[PDB]
Every structure is written in C-alpha cells, then in structure tokens.
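What follows is a single chain, given as structure tokens, in the form deposited in one PDB entry.
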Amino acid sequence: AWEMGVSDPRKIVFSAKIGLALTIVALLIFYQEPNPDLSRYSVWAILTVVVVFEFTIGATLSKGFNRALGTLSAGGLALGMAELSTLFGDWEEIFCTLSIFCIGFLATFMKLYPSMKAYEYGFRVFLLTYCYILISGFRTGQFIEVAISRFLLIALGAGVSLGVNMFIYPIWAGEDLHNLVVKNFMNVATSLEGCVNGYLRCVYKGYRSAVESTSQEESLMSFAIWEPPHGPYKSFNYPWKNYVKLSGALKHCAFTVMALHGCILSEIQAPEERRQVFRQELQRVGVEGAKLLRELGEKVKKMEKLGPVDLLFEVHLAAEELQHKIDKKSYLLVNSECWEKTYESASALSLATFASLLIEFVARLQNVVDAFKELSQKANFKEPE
C-alpha cells in the first residue's frame, strides 16, 4: 500500500492516468444530448479504455497493431461468410453453425500452438469478433450499417486512451532494460562478495536475477523497437540487441557464481583450519572482481567509454598469486602416503574445487569487457572525462 507507493511512484501515476481517461470518457458520454441509441451503444467506449492501457508505450503500440489486424480480419471474414451464406435459402442457419464450428476448432487449434503462445489475445479477439459479428447481426446489410457507429465509438475510446497514455508522463520501455542491465552488475558483485565471505567465515538474489531474468529482457527489447527517439537515445535504429548480448555475457559468469554458492550448501566440506590458510588470496580476488564489476556497471549507467588503462590487471594478478599459493601448500588437498577414510579425502578435496571455480570466474570476466567494448562502439558513447 503506502510502502508500495513510496518505493515506486510510477504505479500511482499509471493509476491516475487510467482514472483521468475513464473520467474524461464518462463525462463526455454523460454530457450529451439524449439519443435513442446513445444509451444502448454508449458503453462501448468505456470498455475500450480499460482494454488498451498498458504500462509501457511500446507495449501499447505493439499490441494494438496485432489486436487491430485480428479485429479487421475477423470482421471481413464474417461479412464474406454471411454474404456467401445468403446464397442458399431455408438452410442458412446450418451453414452459419457449421462455420462457427470450423472457426472455433481452427482458432483453438492454432492458439494451442507452442510457438504462438504470447499471441493468445489476438486469437481470442478474432474468435469473439467473428461470433459477435455473425450472431448479433443475423444479417449482412443491417449489420454493416451499425458498424460505422461502433467503429466511431471504439476509435474515440482508443484515441483518448492513446492520447492520455502518450502525453502525461510517459513510461518508455527503453529506459527499463538499461536499468535492468545496470542493476545486474551490482547484484552479481554483491553475490560474489557474499559467497566469498560466507565461505571464509567461522547470496542468492543476485545470481538468481542474473540467470532468471533472461526472458524479461527479450520482451523489453521487443517493446523498445516500436518507440521513437526520446532524449539520450538519439537515433531511429538503436542497437538494443547489444544490451542483451552484454546481459548474456554477464549471465555466463553468474553461472559460475551460482556454482560457488552451491559449494557452500554441500554435504562434504573441508575443515575450517585448512580453509583459513588461503584466506587473503581468496578475499583479494573477491574484492577485485566485485570492484571491476561495479566499475563496469557504473560506466554503463553513465554511458561512458573505457579509458586507456586496463581494468583486469589486478584480477589477473590476484589469480596468479592465488595459483602460486595453492601450488606452495598443495599438500593439504591430496594425501601422499597412498601414492603409486574416504570421507576425509572427500572433505579435503573441496578446496581445490573452490579455487578452480574462482579461477574460472576470473578467466570468464573478459567476455563481458569485450561485449562492453562492442556496445560502447556500436552505440556512440561519450569520451571518458
């Protein structure tokens, strides 16, 4: 309630816009001279403002196109089918009912298509429009006449909804993917630091969102291609795919962070004393990785280019130091007496796993800087301050 409103004020603005549109339409309908058909068809303009408003502007311009195509096709097909059914006599009702049967069967079958999963609304609109335009009219000429009135009412409703949506505090879909990309870096860095600290002690939301939020960026990219230039994004063809590429490159490391976190919840764990021998190198590598990830995130937020100095010098050095430390004290991981209990060796061998996973992270942190450079070049960025 109040906590939700204070946390995010965009929802309040959305609700206010919906209320304002509904109030405008209701006032326009009410303050009209009485008409015989002004009380029977005036409810068609208030049911169109509640079925056209969407959060983002791209989600409002991309779904309206489909919904239209569907409505127009269904209306045309229904009119043609009625005109063809008038051909025969004394048997029209049977043809109409068999047309309803075939149409419903085909609509349901095509709506159950794996690939066509997010377009259910279009098929349902098609089916409903066909049924209504045939049953309600029960005639060809009689119906076509009232189509004019019903289209004017539905277009008044859709025009008022579009006007109000695209003019009072618009919410663009291109400014959401950017914030998601920026937040992913911080989440991954926090998860890495938490995992390292938890292991060296006497971490889920970050990588969970980094991995799970893989289908929530494709939708935003699909919505953002319908919007016009607005502010910093000064172009008609903005490379919105490079953001998805960078997000996938970061998810690749997020998988390794997931594995590191899973290491903690294992049933076979090494003794604390052995863990407390590689503390400094592990903590240094963790801090350097987190710092580099946060630096990349901040650079993405401000839309700036990478400077001259390399960013992975300290991570690439801390990895070498950790490797050397593991090499020196590598007799605590594997016993040497039996060379040519099981639980003891199983618990002692987990530190090599942890070190190898950390090294894999540090060896997978370069694809995200290649992706960042590609993005910073495709979408013209500002030179570093």
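Take the two forms, superpose them, and find the largest set of C-alpha atoms that agree within 1.5 Å; that set is the rigid core. We number the residues from 1 along the sequence you see.
> Should the segment between residue 33 and residue 34 be described as having none, 1 to 3, 4 to 9, or 10 or more unmodelled residues of the deposited sequence?
The entry leaves nothing out here.
> Using the PDB record, quantify the missing residues of the deposited sequence between residue 202 and residue 203 as none, 1 to 3, 4 to 9, or 10 or more.
Count of unmodelled residues in between: 10 or more.
The form deposited in another entry exists for this protein as well; it is not shown, and the discussion that follows is about that form.
> Overlay on the rigid core first, then point out the one of 216, 190, 99, 280 whose CA is displaced 2 Å or more between this form and the one not shown.
The one that shifts is 99.
> Taking the rigid core as reference, does the Cα of residue 122 move 2 Å or more between this form and the one not shown?
Comparing forms between this form and the one not shown, the residue 122 CA shifts at least 2 Å.
> Cα of residue 137 displaced 2 Å or more between this form and the one not shown, core superposed?
Shift of 2 Å or more: yes.
> Align on the rigid core first; then say whether the Cα of residue 245 has moved by at least 2 Å between this form and the one not shown.
No, its C-alpha moves less than 2 Å.
> Would one find the Cα atoms of residue 71 and residue 118 closer or farther in the other entry than in this form, where their distance changes by 3 Å or more?
Relative to the shown form, the pair is closer.
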